[PDB]
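K.L.:
Compact mmCIF, C-alpha atoms, saved as input.txt, coming up:
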```txt
# COMPACT_ATOMS: atom_id res chain seq x y z
CA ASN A 1 -18.36 -2.10 9.57
CA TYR A 2 -19.57 -1.19 6.01
CA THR A 3 -22.19 1.23 4.55
CA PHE A 4 -24.50 -0.12 1.82
CA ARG A 5 -26.11 2.60 -0.14
CA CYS A 6 -28.31 2.57 -3.16
CA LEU A 7 -28.62 6.11 -4.69
CA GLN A 8 -31.48 6.66 -7.07
CA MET A 9 -31.88 9.74 -9.30
CA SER A 10 -35.16 10.67 -10.99
CA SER A 11 -35.28 13.59 -13.39
CA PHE A 12 -38.59 15.07 -14.55
CA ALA A 13 -38.17 17.81 -17.13
CA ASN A 14 -41.66 17.71 -18.45
CA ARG A 15 -44.87 15.67 -18.87
CA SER A 16 -43.18 13.47 -21.40
CA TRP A 17 -39.51 13.20 -20.37
CA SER A 18 -38.44 11.46 -17.21
CA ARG A 19 -35.29 9.55 -16.39
CA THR A 20 -34.44 7.51 -13.26
CA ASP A 21 -31.10 5.76 -12.98
CA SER A 22 -29.53 4.25 -9.83
CA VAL A 23 -26.22 3.06 -8.53
CA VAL A 24 -25.24 1.02 -5.41
CA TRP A 25 -22.14 1.10 -3.26
CA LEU A 26 -20.77 -1.21 -0.63
CA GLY A 27 -18.38 1.10 1.19
CA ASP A 28 -16.45 2.68 -1.60
CA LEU A 29 -16.79 -0.09 -4.23
CA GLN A 30 -19.69 0.08 -6.60
CA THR A 31 -21.57 -3.19 -6.77
CA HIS A 32 -24.58 -2.43 -9.12
CA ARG A 33 -26.13 -0.15 -11.72
CA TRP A 34 -29.61 0.43 -13.10
CA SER A 35 -29.62 2.66 -16.13
CA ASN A 36 -33.04 4.05 -17.00
CA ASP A 37 -32.78 2.17 -20.31
CA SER A 38 -31.92 -1.26 -18.81
CA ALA A 39 -34.96 -3.35 -17.72
CA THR A 40 -32.91 -5.25 -15.16
CA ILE A 41 -30.31 -4.33 -12.50
CA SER A 42 -26.77 -4.93 -13.77
CA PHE A 43 -24.07 -6.23 -11.44
CA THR A 44 -20.77 -4.34 -11.60
CA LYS A 45 -18.96 -7.13 -9.58
CA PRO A 46 -18.75 -10.92 -9.83
CA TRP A 47 -20.31 -11.23 -6.42
CA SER A 48 -23.02 -8.56 -6.51
CA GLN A 49 -25.82 -11.10 -6.15
CA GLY A 50 -24.62 -11.67 -2.57
CA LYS A 51 -25.55 -15.20 -1.39
CA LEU A 52 -28.99 -14.79 -3.03
CA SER A 53 -30.44 -17.69 -5.02
CA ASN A 54 -31.29 -16.53 -8.60
CA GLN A 55 -34.97 -17.34 -8.04
CA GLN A 56 -34.85 -15.05 -4.99
CA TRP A 57 -32.72 -12.36 -6.63
CA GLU A 58 -34.97 -12.42 -9.63
CA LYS A 59 -38.00 -12.10 -7.46
CA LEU A 60 -36.34 -9.15 -5.73
CA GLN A 61 -35.43 -7.36 -8.94
CA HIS A 62 -39.03 -7.79 -10.08
CA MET A 63 -40.02 -5.63 -7.07
CA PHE A 64 -37.92 -2.73 -8.39
CA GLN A 65 -39.03 -3.21 -11.88
CA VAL A 66 -42.55 -2.66 -10.47
CA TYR A 67 -41.62 0.11 -8.07
CA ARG A 68 -39.93 2.09 -10.87
CA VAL A 69 -42.71 2.20 -13.50
CA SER A 70 -44.82 3.22 -10.47
CA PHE A 71 -42.93 5.80 -8.44
CA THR A 72 -42.39 7.35 -11.83
CA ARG A 73 -46.09 7.35 -12.73
CA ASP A 74 -47.10 8.61 -9.26
CA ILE A 75 -44.72 11.51 -9.41
CA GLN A 76 -46.77 12.74 -12.39
CA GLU A 77 -49.93 12.72 -10.24
CA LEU A 78 -47.86 14.35 -7.44
CA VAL A 79 -46.62 17.15 -9.62
CA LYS A 80 -50.13 18.28 -10.67
CA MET A 81 -50.69 18.87 -6.97
CA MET A 82 -47.66 21.13 -6.92
CA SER A 83 -48.56 24.49 -5.69
CA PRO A 84 -47.50 27.08 -5.11
CA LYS A 85 -44.05 26.31 -6.44
CA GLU A 86 -45.30 25.11 -9.74
CA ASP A 87 -41.87 24.35 -11.27
CA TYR A 88 -41.85 21.29 -13.48
CA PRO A 89 -38.10 20.67 -13.95
CA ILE A 90 -38.04 18.37 -10.87
CA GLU A 91 -34.86 16.55 -9.73
CA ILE A 92 -35.37 14.04 -6.94
CA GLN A 93 -32.69 11.86 -5.27
CA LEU A 94 -33.27 8.98 -2.87
CA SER A 95 -30.57 7.62 -0.60
CA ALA A 96 -31.51 4.25 1.05
CA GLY A 97 -29.47 1.50 2.52
CA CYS A 98 -28.04 0.25 5.76
CA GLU A 99 -24.87 0.74 7.86
CA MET A 100 -23.68 -2.65 8.92
CA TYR A 101 -22.36 -2.88 12.50
CA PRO A 102 -20.76 -6.08 14.07
CA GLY A 103 -21.95 -6.16 17.66
CA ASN A 104 -24.68 -3.59 17.26
CA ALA A 105 -27.55 -4.20 14.75
CA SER A 106 -27.47 -2.65 11.39
CA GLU A 107 -28.90 0.84 10.85
CA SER A 108 -31.25 1.46 7.99
CA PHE A 109 -32.17 4.77 6.19
CA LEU A 110 -34.27 6.31 3.45
CA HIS A 111 -33.68 9.94 2.70
CA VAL A 112 -35.42 11.86 -0.09
CA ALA A 113 -34.18 15.16 -1.60
CA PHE A 114 -36.48 17.33 -3.66
CA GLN A 115 -34.67 19.90 -5.88
CA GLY A 116 -31.51 18.93 -4.05
CA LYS A 117 -32.93 19.87 -0.60
CA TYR A 118 -33.60 17.08 1.84
CA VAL A 119 -37.34 17.08 2.62
CA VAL A 120 -38.76 13.64 3.56
CA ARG A 121 -37.79 10.36 5.32
CA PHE A 122 -39.22 6.98 6.11
CA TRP A 123 -39.22 6.57 9.92
CA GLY A 124 -40.11 3.37 11.71
CA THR A 125 -43.57 2.92 10.09
CA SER A 126 -44.48 6.12 8.38
CA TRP A 127 -43.02 8.58 5.88
CA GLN A 128 -42.38 12.04 7.34
CA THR A 129 -41.73 15.59 6.15
CA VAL A 130 -38.40 16.78 7.57
CA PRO A 131 -38.08 20.51 8.73
CA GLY A 132 -37.61 22.99 5.97
CA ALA A 133 -39.72 20.79 3.63
CA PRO A 134 -42.36 22.91 1.82
CA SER A 135 -45.90 23.22 2.94
CA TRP A 136 -47.67 21.13 0.21
CA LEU A 137 -45.70 17.94 0.76
CA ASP A 138 -47.79 17.45 3.84
CA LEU A 139 -51.04 16.33 2.17
CA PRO A 140 -49.29 14.01 -0.16
CA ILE A 141 -47.32 12.18 2.63
CA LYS A 142 -50.48 11.97 4.75
CA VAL A 143 -52.32 10.19 1.87
CA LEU A 144 -49.23 8.08 1.17
CA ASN A 145 -48.99 7.08 4.76
CA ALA A 146 -52.34 5.19 4.31
CA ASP A 147 -50.72 2.58 2.03
CA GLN A 148 -50.13 -0.23 4.53
CA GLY A 149 -48.72 -2.61 1.97
CA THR A 150 -46.03 -0.19 0.72
CA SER A 151 -45.08 0.85 4.26
CA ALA A 152 -45.05 -2.89 5.27
CA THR A 153 -42.95 -3.81 2.17
CA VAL A 154 -40.66 -0.89 3.10
CA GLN A 155 -40.28 -1.90 6.68
CA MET A 156 -39.25 -5.27 5.26
CA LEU A 157 -36.67 -4.09 2.77
CA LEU A 158 -35.46 -1.53 5.14
CA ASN A 159 -35.39 -3.49 8.43
CA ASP A 160 -34.97 -7.13 7.37
CA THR A 161 -33.91 -7.64 3.68
CA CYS A 162 -31.03 -5.08 3.69
CA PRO A 163 -28.90 -6.63 6.34
CA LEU A 164 -29.62 -10.10 5.00
CA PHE A 165 -28.40 -9.06 1.70
CA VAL A 166 -25.37 -7.03 2.83
CA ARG A 167 -23.74 -9.75 4.99
CA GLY A 168 -23.90 -12.07 1.97
CA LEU A 169 -21.88 -9.49 0.13
CA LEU A 170 -19.27 -8.90 2.78
CA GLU A 171 -19.01 -12.61 2.56
CA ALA A 172 -18.60 -13.09 -1.21
CA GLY A 173 -16.92 -9.71 -1.72
CA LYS A 174 -14.39 -10.36 1.06
CA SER A 175 -11.91 -10.80 -1.77
CA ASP A 176 -12.03 -7.33 -3.25
CA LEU A 177 -12.86 -5.42 -0.13
CA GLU A 178 -9.76 -6.81 1.45
CA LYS A 179 -7.43 -6.07 -1.46
CA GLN A 180 -4.30 -4.13 -0.36
CA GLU A 181 -3.28 -2.13 -3.45
CA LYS A 182 0.12 -0.42 -3.55
CA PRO A 183 0.66 3.33 -4.30
CA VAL A 184 3.00 5.24 -6.59
CA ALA A 185 4.41 8.71 -5.87
CA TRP A 186 6.06 11.55 -7.71
CA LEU A 187 6.88 15.16 -6.78
CA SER A 188 6.51 18.44 -8.57
CA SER A 189 6.74 22.11 -7.56
CA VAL A 190 4.59 25.06 -8.60
CA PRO A 191 5.66 28.66 -8.08
CA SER A 192 3.28 30.84 -6.10
CA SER A 193 1.95 34.35 -6.55
CA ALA A 194 4.38 37.22 -7.27
CA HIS A 195 7.26 36.09 -4.99
CA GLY A 196 10.25 33.75 -4.70
CA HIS A 197 8.43 31.03 -2.66
CA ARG A 198 7.23 27.99 -4.53
CA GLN A 199 5.22 25.00 -3.25
CA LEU A 200 6.37 21.42 -3.31
CA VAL A 201 3.79 18.81 -4.29
CA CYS A 202 3.58 15.17 -3.45
CA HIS A 203 1.22 13.04 -5.53
CA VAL A 204 0.37 9.57 -4.40
CA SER A 205 -1.90 7.35 -6.50
CA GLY A 206 -3.05 3.74 -6.92
CA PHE A 207 -3.55 2.94 -3.27
CA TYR A 208 -6.46 1.06 -1.66
CA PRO A 209 -8.06 1.04 0.82
CA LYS A 210 -8.67 4.75 1.34
CA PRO A 211 -6.60 5.18 4.64
CA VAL A 212 -3.16 6.66 3.73
CA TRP A 213 -0.63 8.82 5.58
CA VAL A 214 1.33 11.32 3.50
CA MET A 215 3.44 14.08 4.97
CA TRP A 216 6.54 16.15 4.20
CA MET A 217 9.71 15.37 6.26
CA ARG A 218 13.00 17.00 6.92
CA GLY A 219 14.90 14.01 8.30
CA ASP A 220 12.83 12.78 11.30
CA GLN A 221 11.31 16.32 11.42
CA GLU A 222 7.74 16.31 10.33
CA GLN A 223 6.64 19.40 8.53
CA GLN A 224 3.74 21.06 10.18
CA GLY A 225 2.41 23.01 7.25
CA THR A 226 1.99 20.12 4.81
CA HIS A 227 -1.60 20.31 3.56
CA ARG A 228 -3.34 17.16 2.39
CA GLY A 229 -5.99 17.56 -0.28
CA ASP A 230 -9.04 15.63 -1.50
CA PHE A 231 -9.19 11.94 -2.20
CA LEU A 232 -9.72 11.79 -5.91
CA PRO A 233 -10.75 8.44 -7.54
CA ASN A 234 -9.20 6.48 -10.45
CA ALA A 235 -11.00 4.36 -12.95
CA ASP A 236 -9.72 1.19 -11.29
CA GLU A 237 -11.39 2.03 -8.05
CA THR A 238 -8.18 3.13 -6.35
CA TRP A 239 -7.34 6.56 -4.77
CA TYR A 240 -5.43 9.75 -5.43
CA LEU A 241 -4.20 12.26 -2.92
CA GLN A 242 -1.52 14.90 -2.96
CA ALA A 243 0.13 16.75 -0.13
CA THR A 244 1.66 20.19 -0.77
CA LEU A 245 4.07 22.35 1.27
CA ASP A 246 4.77 25.94 0.75
CA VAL A 247 8.45 26.53 1.06
CA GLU A 248 10.85 29.32 0.51
CA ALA A 249 13.77 28.85 -1.93
CA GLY A 250 17.13 27.79 -0.53
CA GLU A 251 15.81 25.37 2.03
CA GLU A 252 13.96 22.93 -0.11
CA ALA A 253 17.07 20.83 0.08
CA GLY A 254 16.64 17.95 2.49
CA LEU A 255 12.83 17.95 2.48
CA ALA A 256 11.09 14.76 1.25
CA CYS A 257 7.90 12.71 1.03
CA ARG A 258 7.03 9.95 3.35
CA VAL A 259 4.08 7.93 2.11
CA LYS A 260 2.77 5.61 4.79
CA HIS A 261 0.12 3.08 3.55
CA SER A 262 -1.19 -0.40 4.71
CA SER A 263 0.03 -2.32 1.68
CA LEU A 264 3.66 -1.42 2.24
CA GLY A 265 5.61 -1.67 5.51
CA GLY A 266 8.89 -0.22 4.34
CA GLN A 267 7.52 3.03 2.71
CA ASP A 268 8.13 5.55 0.01
CA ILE A 269 10.52 8.33 1.05
CA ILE A 270 10.93 10.53 -1.97
CA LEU A 271 13.63 13.03 -1.31
CA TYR A 272 13.49 16.31 -3.22
CA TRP A 273 17.37 16.17 -3.50
CA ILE B 1 -31.13 24.11 -6.58
CA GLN B 2 -28.10 25.16 -8.79
CA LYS B 3 -24.32 24.74 -8.14
CA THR B 4 -21.28 25.20 -10.45
CA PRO B 5 -19.17 22.18 -11.04
CA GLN B 6 -15.78 22.04 -9.41
CA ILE B 7 -13.38 20.47 -11.99
CA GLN B 8 -10.19 18.44 -11.38
CA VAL B 9 -7.66 17.11 -13.87
CA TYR B 10 -4.97 14.57 -12.90
CA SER B 11 -3.06 11.52 -14.14
CA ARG B 12 -3.14 7.89 -12.81
CA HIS B 13 0.64 7.21 -12.94
CA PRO B 14 3.48 9.69 -12.76
CA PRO B 15 3.56 11.19 -16.19
CA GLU B 16 6.76 10.72 -18.14
CA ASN B 17 7.30 11.93 -21.74
CA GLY B 18 6.27 9.25 -24.11
CA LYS B 19 4.95 6.83 -21.55
CA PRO B 20 1.25 5.86 -21.85
CA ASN B 21 -0.97 7.02 -18.94
CA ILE B 22 -4.54 7.83 -18.03
CA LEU B 23 -5.94 11.33 -17.69
CA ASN B 24 -8.76 11.66 -15.14
CA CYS B 25 -11.23 14.57 -15.05
CA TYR B 26 -13.30 14.70 -11.88
CA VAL B 27 -16.32 16.96 -12.01
CA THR B 28 -18.25 17.52 -8.72
CA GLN B 29 -20.56 19.58 -6.54
CA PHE B 30 -22.83 20.41 -9.48
CA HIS B 31 -26.59 20.25 -9.55
CA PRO B 32 -28.59 19.53 -11.72
CA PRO B 33 -27.12 16.23 -12.83
CA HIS B 34 -27.10 17.56 -16.40
CA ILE B 35 -23.66 18.41 -17.67
CA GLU B 36 -21.66 17.57 -20.75
CA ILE B 37 -18.04 16.63 -20.06
CA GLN B 38 -15.64 16.91 -22.98
CA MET B 39 -11.93 15.97 -22.89
CA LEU B 40 -9.59 17.93 -25.13
CA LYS B 41 -6.16 17.27 -26.54
CA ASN B 42 -4.83 20.53 -28.02
CA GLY B 43 -8.16 21.98 -28.94
CA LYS B 44 -9.46 18.74 -30.46
CA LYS B 45 -11.76 16.47 -28.46
CA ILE B 46 -10.44 12.93 -27.58
CA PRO B 47 -12.86 10.49 -29.30
CA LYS B 48 -13.24 7.83 -26.69
CA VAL B 49 -13.46 9.06 -23.14
CA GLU B 50 -14.87 6.82 -20.43
CA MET B 51 -17.25 8.09 -17.79
CA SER B 52 -18.27 6.53 -14.57
CA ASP B 53 -21.84 6.47 -13.44
CA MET B 54 -23.23 9.64 -11.94
CA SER B 55 -23.93 9.37 -8.22
CA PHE B 56 -24.35 11.93 -5.36
CA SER B 57 -22.66 12.61 -2.06
CA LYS B 58 -24.59 12.98 1.20
CA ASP B 59 -24.40 16.68 0.70
CA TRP B 60 -26.61 15.73 -2.36
CA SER B 61 -24.33 17.32 -4.98
CA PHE B 62 -23.38 15.17 -7.90
CA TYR B 63 -20.05 13.78 -9.19
CA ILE B 64 -18.45 11.90 -12.08
CA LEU B 65 -15.14 10.76 -13.48
CA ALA B 66 -14.67 11.13 -17.17
CA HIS B 67 -11.31 9.78 -18.21
CA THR B 68 -9.28 8.64 -21.03
CA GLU B 69 -6.02 7.09 -22.19
CA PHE B 70 -3.29 9.75 -22.75
CA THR B 71 0.36 10.18 -23.30
CA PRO B 72 2.46 13.04 -21.91
CA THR B 73 4.35 14.98 -24.60
CA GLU B 74 6.60 18.09 -24.52
CA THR B 75 4.51 19.63 -27.26
CA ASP B 76 0.98 18.38 -26.14
CA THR B 77 -1.74 20.07 -24.04
CA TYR B 78 -4.75 18.32 -22.54
CA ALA B 79 -7.77 19.69 -20.84
CA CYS B 80 -11.26 19.06 -19.45
CA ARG B 81 -14.14 21.29 -20.74
CA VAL B 82 -17.41 21.31 -18.81
CA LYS B 83 -20.81 22.73 -19.91
CA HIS B 84 -23.32 23.19 -16.99
CA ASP B 85 -26.53 25.24 -16.64
CA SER B 86 -25.06 27.07 -13.78
CA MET B 87 -22.18 28.33 -15.96
CA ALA B 88 -22.90 31.25 -18.33
CA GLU B 89 -20.24 29.58 -20.55
CA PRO B 90 -18.03 26.39 -20.60
CA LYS B 91 -15.21 25.91 -18.08
CA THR B 92 -11.97 24.60 -19.34
CA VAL B 93 -9.23 23.77 -16.91
CA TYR B 94 -6.07 22.54 -18.63
CA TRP B 95 -3.77 19.87 -17.24
CA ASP B 96 -0.33 20.62 -15.67
CA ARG B 97 2.65 18.23 -16.11
CA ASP B 98 2.43 17.47 -12.41
CA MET B 99 -1.02 16.18 -11.46
```
Re-express the file's structure as structure tokens.
P.N.:
Amino acid sequence: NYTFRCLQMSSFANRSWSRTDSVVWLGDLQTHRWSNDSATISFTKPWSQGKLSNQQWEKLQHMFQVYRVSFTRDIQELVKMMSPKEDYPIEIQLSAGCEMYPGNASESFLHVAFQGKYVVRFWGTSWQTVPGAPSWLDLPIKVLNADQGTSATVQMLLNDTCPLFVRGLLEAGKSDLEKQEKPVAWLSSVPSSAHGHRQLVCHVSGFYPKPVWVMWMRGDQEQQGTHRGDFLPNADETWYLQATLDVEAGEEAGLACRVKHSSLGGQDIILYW
Amino acid sequence: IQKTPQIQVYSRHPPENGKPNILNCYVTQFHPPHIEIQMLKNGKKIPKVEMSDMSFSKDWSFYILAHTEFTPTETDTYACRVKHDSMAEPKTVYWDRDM
């Protein structure tokens, strides 16, 4: 039940200035990096080589070392054939990877965004222009679609290699993907617009995995009205989230924060006093 | 094509005057992936600020977490300044003794 994604980012500002970096995730833990300046993929985890033998990992990394110098060179030929929207500053993203299911098979994907809009995909055996993708991209993909080797090599990485790799990881990573990290919590209140009604704030940080329950309570009374915000990250790969509640003075007494999270059992109830 | 970065400043542990902490600045939703993040303590820049690797969400916008080691003080202000193409001028959100 995990999603392995490998996001690549190519930036082409002009004929002589291109940069392509990449970064892989297993769920919400980053496992690898490939800075444009580094000649080899760097692991960002002890177990990011999966259950791959060096000799096989090394042979795999060579592929990318070859793909890179190439995709990059071919974009330059591509770009000359860029009418009508001749607009050199080109930013292209590529999200590829595979969602790993238990009973089901795994599901693979390759999405490509041009200038931040999604425009092309690899599908089964051929690369295809997705709706909304500009008119010119059609001649390039048709001439690309004649490269049997690439499209065979892709159907391999995509279909076969990706799941092989990913299970290895869920196997070696099991240690850090199963870590139950405990949260911390503190409250604070911010006054609102011009009026005597302020809003109580509950901050909860340092928890992992992502799934956490936070909510304002009045005794056993749950406060409908509490509004949970965005999950913000921390440098240690943990999470941040804060739930606010707009009150009215007077009756802030008795309210409190109940932080429910997997690592605990007997959870944080921070009364406002 | 072009989107203005949403900015978010917050600590890692409950701040407490004098106690060491970590100030996180999470920039997001921007595009292009060309932005200069700057963390400021009272107008001065903090020398060493760590940034994560830039990646993108499935909505294709980018994101990053610049962060540093900080200490909450009754007389000290901290902030995150962002420079992005899609911003006529630099956005500075300061930090509140709560987040």
K.L.:
List the neighbours of residue 170 (chain A) out to 12 Å using only C-alpha atoms; skip same-chain residues closer than 6 positions along the sequence, and give me the result as a list in words.
P.N.:
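Returned residues: residues 1, 2, 3, 4, 26, 27, 29, 31, 47, 48, 49, 50, 51, 100, 101, 102, 163, 164, 176, 177 and 178 of chain A.
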K.L.:
Hey, can you pull every residue with an atom no more than 9 Å from (4.1, 10.7, 4.9), using only C-alpha atoms, and send it as a PyMOL selection string?
P.N.:
chain A and resi 212-217+222+243+256-261+267-269
K.L.:
Just need the residues of chain A within 7 Å of chain B, counting all atoms listed in the file, so spit them out as JSON, numbers by chain.
P.N.:
{"A": [7, 23, 115, 116, 186, 188, 205, 234]}
K.L.:
What is the distance, in Å and to one decimal place, between CA of residue 83 (chain A) and CA of residue 136 (chain A)?
P.N.:
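Value for the CA of residue 83 (chain A)-CA of residue 136 (chain A) distance: 6.8 Å.
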K.L.:
Would you mind telling me which residue in A:189, A:106, A:10, A:40 lies nearest to residue 160 (chain A) when using all atoms listed in the file?
P.N.:
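Using all atoms listed in the file, the shortest distance to residue 160 (chain A) belongs to A:106.
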K.L.:
Would you pick out the contacts of residue 37 (chain B) at 7 Å or less, using only C-alpha atoms, so that residues sharing its chain but fewer than 2 positions from it are not included, and give the list as a PDB file with C-alpha atoms, keeping the file's coordinate frame?
P.N.:
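The file below, around-v1.pdb, is the result:
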```pdb
ATOM      1  CA  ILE B  35     -23.660  18.410 -17.670  1.00  0.00           C
ATOM      2  CA  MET B  39     -11.930  15.970 -22.890  1.00  0.00           C
ATOM      3  CA  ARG B  81     -14.140  21.290 -20.740  1.00  0.00           C
ATOM      4  CA  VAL B  82     -17.410  21.310 -18.810  1.00  0.00           C
ATOM      5  CA  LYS B  83     -20.810  22.730 -19.910  1.00  0.00           C
TER       6      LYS B  83
END
```
K.L.:
With 3 Å of padding per side, what axis-aligned box (centre and edge lengths, Å, one decimal) covers all the listed atoms of region 122-131 of chain A? Give it as JSON.
P.N.:
```
{"center_x": -41.3, "center_y": 11.7, "center_z": 8.8, "size_x": 12.4, "size_y": 23.6, "size_z": 11.8}
```
K.L.:
Please compute the CA of residue 5 (chain B)-CA of residue 38 (chain B) distance, one decimal, in Å.
P.N.:
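These atoms are spaced 13.5 Å apart.
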K.L.:
Considering all atoms listed in the file, state which residue in the set B:46, B:40, B:63, B:91 is at the smallest distance from residue 79 (chain B).
P.N.:
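Looking at the shortest contact to residue 79 (chain B), the residue is B:40.
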K.L.:
When you draw a straight line from CA of residue 70 (chain B) to CA of residue 92 (chain B), how long is it in Å?
P.N.:
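These atoms are spaced 17.5 Å apart.
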